[PDB]
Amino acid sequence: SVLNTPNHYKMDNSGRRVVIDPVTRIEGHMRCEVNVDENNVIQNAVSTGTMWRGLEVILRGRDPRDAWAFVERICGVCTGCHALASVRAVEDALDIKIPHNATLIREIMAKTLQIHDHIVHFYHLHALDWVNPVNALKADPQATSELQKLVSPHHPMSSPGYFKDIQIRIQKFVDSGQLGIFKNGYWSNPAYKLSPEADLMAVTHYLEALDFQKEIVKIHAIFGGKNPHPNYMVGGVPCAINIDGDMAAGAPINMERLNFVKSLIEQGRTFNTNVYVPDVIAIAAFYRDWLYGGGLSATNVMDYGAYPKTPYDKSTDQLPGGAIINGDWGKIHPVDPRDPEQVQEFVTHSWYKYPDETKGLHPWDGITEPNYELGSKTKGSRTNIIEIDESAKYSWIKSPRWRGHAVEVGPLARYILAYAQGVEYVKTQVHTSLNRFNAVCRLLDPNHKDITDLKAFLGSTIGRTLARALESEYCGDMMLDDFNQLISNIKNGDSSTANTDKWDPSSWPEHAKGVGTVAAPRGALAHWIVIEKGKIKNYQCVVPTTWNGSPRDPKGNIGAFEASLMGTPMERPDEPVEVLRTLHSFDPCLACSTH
């Protein structure tokens, strides 16, 4: 068939079918199928979420104050963001305002998660789509050192002997014949474009990042007890503050704990600036001729907006939200998660049932009733899918749309929205990153002509990857501001952390509904709760990967993952490096997507 989608794609499944199941180096479980034409160009893409747990069903009848802990376990990668959305949703329903220090500490925890999640994503999940560790074994350590000094002059770890020592270790690993995570990698695929020296630099930084990442989450351990899965509460934060009073040493937050947080923040800022951002820029330069994967980012992007400089005042959001539609960056459409005509979820191509499946349901009206059922054109059987039938139900992911539009969410969406709304910090990051990208390109190709087209640059797999790294850096700077504000509040006499006026259900209205939003690491997250007589009547999550990984809607619009693959040539369709590189650039979280 050839399907002409309302969002201007031609989905053609007549070509050779390629199946990727499991998609690895993601959180959770995904299957992807594509069709390629005679020139090995993708002409159809099918996103299948291959897990479901039913948190929305499990929550029914429980106490809203307990919800945050259940939904936190939607995901251990984006650990905490669901807890944050939950407490915000309950607080919204019950008209609870939290103390300023609770606001600040929650944002510090959120920005800690952003940095940790972005770093580990790029190195531990994404890098092996750009980096060939076997090729690193061919590098000259002195030339690797020279490249390192150009890539990031401030990073101290550049000795040729250090790179040689890393190389010896990877050589020993390879020589053992136990290749572990590297086994069966597509290392001979010409899709890998780094020099041996760049591969060795990147492998070195994968190891440095694995060492570093365990440090930054100590901020979650201080404020939230543990990472993964720090604690939250409705009405405040549990980490009471006592700097100077009786038994301060035994309080959750005292002078020593604050000094520890300061040290951790600065370490994160340094890693962002000296390792992560320069690597993404330099790797992007090596791949300067590979600008595929833009998909919907060119046209339709959305975020709810986050990080208000003034608590509870969205006009001060440091990552302002809204929706850009049809590529018009000059028109920011306001997004209201309360409006039943805006966020809606369809299930016509998902493994769920609605009484009326023509309907898109706003999440206060959402329904989660499983319906695992394969289309009659499926190749295989109910417990053995060979080729999924995308004309019918093909995913555990629902199809969210915004006023009927399919949109992309994530750091790139936020960066577009912030750039378009004149956020100077972001505009400066974008322009300096483009200048740096062009500089490294010229190091590699002395005849390089500068890229100037911001839509082409940002609206790509490379751009999506870059935006994530830039967002990490921005979060580190914002977190330091938050910390300084926390110290100022304490200095000005405010050590308060919780509001308990509405802790007891006797204080609640008989019927209430609320929505909590979060700029989660992968994009726009919200939870919608309906409370009745002290209990959860409905609880519906629409999460970033739900948006990006969405199957088709009743009109045939394709979601962000499927769009991003369309038109991409593959060197070797059966060694699908390009598909993985682009899918991974969305940082898919499949447990999130399905919950």
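Counting begins at 1, following the sequence as shown.
Entry-level comparison of average CA B-factors, 456-464 and 394-402, reporting the higher stretch: Taking the mean C-alpha B-factor of 456-464 and of 394-402, the larger value falls to 456-464.
Residue range whose averaged C-alpha B-factor is higher in the record, 586-594 or 3-11: If you average the C-alpha B-factors of 3-11 and of 586-594, the larger mean comes out for 3-11.
Selection by C-alpha B-factor (highest) of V280, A143, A127, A251: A143 has the highest C-alpha B-factor of those listed.
Residue, from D477, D450, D92, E215, that the PDB entry assigns the highest Cα B-factor: Top of the list by C-alpha B-factor: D450.
Record-listed C-alpha B factor of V131: chain third: Middle third by C-alpha B-factor.
Where the record places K555 (Cα B-factor, split into thirds across the chain): Within its chain, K555 is a highest-third residue by C-alpha B-factor, going by the deposited values.
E369, C-alpha B-factor rank within chain (lowest, middle or highest third): Middle third by C-alpha B-factor.
Assigned third (lowest, middle, highest) for the C-alpha B factor of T568: According to the entry, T568 has a C-alpha B-factor in the chain's highest third.
CA B-factor ranking of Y162, expressed as a third of its chain: Tercile = middle for this residue's CA B-factor.
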